[PDB]
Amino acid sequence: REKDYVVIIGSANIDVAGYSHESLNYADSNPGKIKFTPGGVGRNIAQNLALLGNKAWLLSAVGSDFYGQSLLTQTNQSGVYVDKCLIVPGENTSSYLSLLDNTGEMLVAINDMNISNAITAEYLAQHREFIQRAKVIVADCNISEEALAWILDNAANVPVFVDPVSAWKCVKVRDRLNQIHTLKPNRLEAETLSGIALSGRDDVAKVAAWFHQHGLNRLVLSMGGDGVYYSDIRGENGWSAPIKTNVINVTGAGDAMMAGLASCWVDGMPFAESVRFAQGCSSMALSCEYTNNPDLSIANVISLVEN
């Protein structure tokens, strides 16, 4: 519907990936390749929602530094509405810098994301009515605990989908599971939140039971080669095997996952079929060089899934 839109609250980064063509020198500047790409979990999810055909508004923060403007401009080009993003007077725009291998393997990564703290409850409250009229809200855990609490306290019965981002950053959701419609942790995040070891497939039922006892509506638990375990507090649960994928670069798979889950909810799709769809979204991120595959589309995901 032409007035239906989705609101994403999370980080917008410039990802910088550099690798040397040959063996590193340290004692010299080495000819290599350097790529600047848009990143940040929330920004990536928003771009994926746009590619999936939703009107997606990003609520985020960048500095005033020209490169922050390029970030916002490029994310607009892919379909995202960036007009409510906060510009932070004279601040570095967040970035995530990785040194990769001559063969594409990670070495060391620096992340500089303090301006995520500029995504305050005060900022979000300036868009209260807009947020409260979205079809769904996606929040990432890069934002502060106070900002996440504000979203969950003021969602006004709009479902909030939460991306835990990392084992470090996920813990702010632990006491607010009863306010979250859908949570999408990996194995380490679910172990970290629950305090229960996930040693194998046999352990997911007791971990899911812990999440539901603490009030979580829906769990979408990614278990790597084991596939995805999904669980609804009303009783439905199940496993979905992974989709055989030729993996090109792993970055952005979970951001595509989350977009697929939220897009399918907005489109009226049932839970289990939404999890399988989102697995196909992630598969298209996995088979692409960039962290957002610009061939992400409803049509392209369905064809992948039918295989």
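One-based numbering along the sequence shown.
When 296-304 is weighed against 4-12, 296-304 comes out higher, by mean CA B-factor as recorded in the entry. Just going by the entry, 151-159 versus 71-79 on mean CA temperature factor gives the higher value to 71-79. Annotation for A256, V275, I248, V41: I248 ranks highest, by Cα B-factor. Within the selection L49, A27, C264, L58, the deposited Cα B-factor values reach their highest point at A27. For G252, the recorded CA B-factor ranks within the middle third of the chain. Only modelled residues enter the ranking. In the PDB entry, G104 places in the highest third of its chain by CA B-factor.
Among the modelled residues of its chain, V138 has a C-alpha B-factor that falls in the lowest third according to the deposited record.
In the deposited entry, the Cα temperature factor of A118 places it in the middle third of its chain's modelled residues.
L124 sits in the middle third of its chain by CA B factor, as recorded in the PDB entry.
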